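Okay, so here's the structure we're looking at.
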Ligand SMILES: O=c1[nH]c(=O)c2[nH+]cn([C@@H]3O[C@H](COP(=O)(O)O)[C@@H](O)[C@H]3O)c2[nH]1
Ligand SMILES: [Mg+2]
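Numbering (the entry's author numbering), first residue to last: 3 to 238.
This is how it looks when you write it as structure tokens:
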């Protein structure tokens with residue numbers, strides 16, 4: 003028996019379902035950003051977005067790695083600031099569940115804090131989490147202090163550097179912590195640093211997923227150890 007003292011949640015397409023429609027809007031906004039920046043065709047923009055997302059986990063990270071001094075605020079204002087936030091549905095079931103859960107709850111998102119806070123507000127979860135590790139948390143040196151774009155490379159999930167930042171800032175014991183995320187590479191990363199893992203958004207587990215649920219509220223029944231009251235580890 004291994005107790006769970008902490009639950010760490012990704013945000014986008016983890017705490018709201020993919021069908022919400024934010025994911026396609028983000029892709030479109032990134033493409034529009036690249037067209038605005040570089041005068042690309044839309045086809046070339048999309049091609050570049052997917053290339054940079056695949057290689058660096060983020061178009062912003064990718065642009066900066068390629069020498070372009072794009073300020074995170076400019077990027078997030080365009081790409082997240084233009085999102086259809088009204089499309090995110092409140093989820094009282096999820097709110098009720100998180101209120102019932104006695105474990106520490108932490109947000110671990112690649113998105114910026116401004117986006118994260120707006121999303122949680124729409125969901126009605128604005129007071130459910132104890133800590134938020136977001137883009138800024140992982141990239142302190144991209145703000146204020148001027149740098150060459152290669153000086154402080156953007157740190158984001160699935161990097162193990164990102165995982166460590168979450169674990170240190172939130173002060174968690176990976177042995178007692180479950181990580182929920184909709185992205186398989188993020189799940190693999192979390193498993194590598196010793197976390198228990200829940201793949202959100204699919205019913206079928208990947209190799210590094212201890213659990214998999216299509217909707218995050220399903221953990222109420224899919225992971226019964228969340229309700230276990232024993233405080234210390236033990237065998238049988
Ligand atoms: O370069 C990209 N191409 C994409 O298709 C894409 N879709 C989502 N995003 C970004 O993913 C992050 C989602 O945050 P979570 O850690 O909370 O799921 C946030 O940082 C989003 O901006 C994309 N970035
Ligand atoms: Mg996600």
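Backbone N, C-alpha and C define an ideal beta-carbon position, used for all residues, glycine too.
Ranking 119, 26 and 180 by CA distance to the CA of residue 48 puts 26 first. The three-state reading of DSSP puts residue 119 in helix, counting H, G and I together. Looking at the DSSP output, residue 9 sits in a beta bridge with 107 and 180. Pairing residue 65 with residue 145, the inter-Cα distance amounts to about 17 Å. Using a Cβ-Cβ distance cut-off of 8 Å, the region 29 to 43 and the region 4 to 20 are not in contact, since fewer than three pairs of beta carbons, one from each stretch, lie closer than that value.
Rounded to the nearest whole angstrom, the C-alpha separation of residue 178 and residue 158 is 23 Å. Taking the Cα of residue 56 as reference, the smallest distance to any Cα among 188, 69 and 193 is reached at 188.
Residue 215 has its alpha-carbon roughly 28 Å from the corresponding atom of residue 238. If you compare the alpha carbons of 9, 3 and 5 with that of residue 172, the shortest gap goes to 9. Residue 149 counts as exposed, since fewer than 16 other beta carbons sit within 10 angstroms of its beta carbon. DSSP, read as helix, strand or coil, puts residue 215 in strand.
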